[PDB]
Amino acid sequence: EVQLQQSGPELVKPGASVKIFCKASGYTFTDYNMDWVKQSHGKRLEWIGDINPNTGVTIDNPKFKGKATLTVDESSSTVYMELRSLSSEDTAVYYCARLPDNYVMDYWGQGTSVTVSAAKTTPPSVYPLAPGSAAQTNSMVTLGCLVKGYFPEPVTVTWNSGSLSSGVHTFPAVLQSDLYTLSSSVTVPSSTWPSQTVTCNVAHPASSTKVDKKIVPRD
Amino acid sequence: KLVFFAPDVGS
Amino acid sequence: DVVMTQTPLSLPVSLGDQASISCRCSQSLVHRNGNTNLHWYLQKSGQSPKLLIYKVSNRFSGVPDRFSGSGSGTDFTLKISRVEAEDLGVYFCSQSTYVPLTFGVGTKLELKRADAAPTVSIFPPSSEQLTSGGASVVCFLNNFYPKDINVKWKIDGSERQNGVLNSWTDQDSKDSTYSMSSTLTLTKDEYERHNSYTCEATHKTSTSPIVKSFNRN
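Method of determination, as annotated in the archive: X-ray crystallography, at 2.60 Å resolution.

**Details of the nonpolar core**
With 45 residues, the main nonpolar core has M105 of chain A together with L38 and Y91 of chain C as its most contacted residues. Contributing elements (two or more residues each) for this core: strand 5 (45-51) and strand 9 (92-99) of chain A together with strand 2 (10-13), strand 3 (19-25), strand 4 (38-43), strand 5 (50-54), strand 8 (75-80) and strand 9 (89-95) of chain C. The residues touching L38 of chain C, leaving out its near neighbours within four places in the chain, are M4, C23, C25, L29, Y54, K55, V56, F76, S94 and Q95 of chain C.

**Some words on the domain arrangement of chain A**
Along its sequence, chain A is organised into domain 1 (3-116) and domain 2 (125-215). Centre-to-centre separation of domain 1 of chain A and domain 2 of chain A, based on C-alpha positions: 37 Å.

**Overview of the state of the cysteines**
Residues and elements named next belong to chain A. This model, assessed by the stated rule, comprises four disulfides over all chains. Two residues, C145 and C200, share a disulfide whose sulfurs are 2.0 Å apart. Taking the sign of the S-S torsion, about -85° here, the bridge from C145 to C200 comes out left-handed. With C145 in strand 12 (residues 140-150) and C200 in strand 17 (residues 199-204), this pair connects stretches of sequence that are 55 residues apart. The exposure class of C200 is buried, given its relative accessible area of 0%. Counting only the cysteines that form disulfides, in the order they appear in chain C, gives the pairing 1-2, 3-4.

**Overview of the sheet that holds strand 17 of chain A**
All names here are of chain A. A sheet is described by the order of its strands in space; here three strands give the open sequence 13-17-18, paired in antiparallel fashion. Of all strands in the sheet, those bounded by a partner on one side alone are strand 13 (156-159) and strand 18 (209-214). This sheet shows a mean twist of 15° between the axes of neighbouring strands, independent of strand direction. Bridge count for strand 17 against strand 18 is six bridges, and the pairing is antiparallel. Note that in strand 18 the partner of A203 across the bridge is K210.

Definitions and cut-offs
Residues numbered from 1 in each chain as written, not as in the entry; some residues may be left out. Chains lettered and ligands numbered in written order. Heavy atoms only, no water. Residues with missing side-chain atoms left out of burial classes, pairs and counts. Core = buried A, V, L, I, M, F, W, Y, C linked by side-chain atoms within 4.5 Å. Buried < 20%, exposed > 50% of the residue type's maximum accessible area, 1.4 Å probe, protein only. Helix = DSSP H or I, 4+ residues; strand = E, 2+ residues; numbered from the N terminus. Contact = heavy atoms within 4.5 Å. Domains from an automatic or database assignment. Disulfide = S-S within 2.5 Å. Pairing = 2+ DSSP bridges. Axes fitted to C-alpha atoms, helices over the stretch in contact; angles between N-to-C directions.

Structure, rendered in structure tokens:
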């Protein structure tokens, strides 16, 4: 089976560089070329370049001349791409792709995420979201949880240690000013809260942080 | 302006 | 660069319907070797793109005969006989005739359901956040259909755009709805300068915007 395994996620400071690889298997590495594709926010795909494994000769997208550089070490069946002078515009997922003589990119790697941020490992601040007004009778109450100012991804959010699952919306994190921000909502019947306890469970493995934030009603 | 994508791929 | 224009951007279907995705290019895609290097890719959520059809009408290995492609020159079409649940995702058309290789913007094949009004909930800044010097106002728009929605923040009647961060979920696997979160972040001082904070949602299920708000005091 054809396999294209790419290097893990990268965390790079603005202006620095990074070199990501892509090891191939399941076929003769020399009878095919290797291409690279960029996918940013909105999931727009941009072709970066194509490289030959036997010669190292590359066909490049001129819009990436000052950004990307393709090399290959065919002994290890590994293709590299360097991204230099990184800015926020370079925060994206970069894909590996095989190119046979048909000039069709058929098999793709799992992708390498590159995140550009001047921030170090920062633990998150967890804020409870309580309704400003009392809930009506026999209605659904929506509670929330805001997780702000952390780096890097991922953070995990569950409610009542996973006992509340239906009505939970945890939203994709957004990177702003080198730090992430994430929110999570939960909807429970008004006869459940605040009569019973509802707790936000946040975990940030990169900083070994785990917090429980009880959602208390406002007065 | 128009250039065909025709690399020398293979052994 | 050769421009790839896909129509439509969003294609809601019920399971069993047929689907047609158009891809028009700026110039002919006939390579000097004779081949028309236009291809179709599918990217499901959290996965890598996968090759469905290459050179207009050739099914890649493993692709069901459910999928078929046609076209020539500058107009191409991808067709699905009976859309299945596993077919939902984003479909990209791409050309490999000229340098650089280009892709379409993408066409999201989503599931169709009855209209659903969003449950709007607004939340003031927490005591924990106010002490640290920050002030975030969070607004959730949960479980709505169709996916198109607009959010506007208003502070004492005036629109506010700076300091807003928005996040969207994909189509839910159990009810086929979409959700959205919006967080307006201010300084503690700027939050204490104003009183009325409003979250306005524009959606198909209401002729006028849905308004949730609160007065600081």
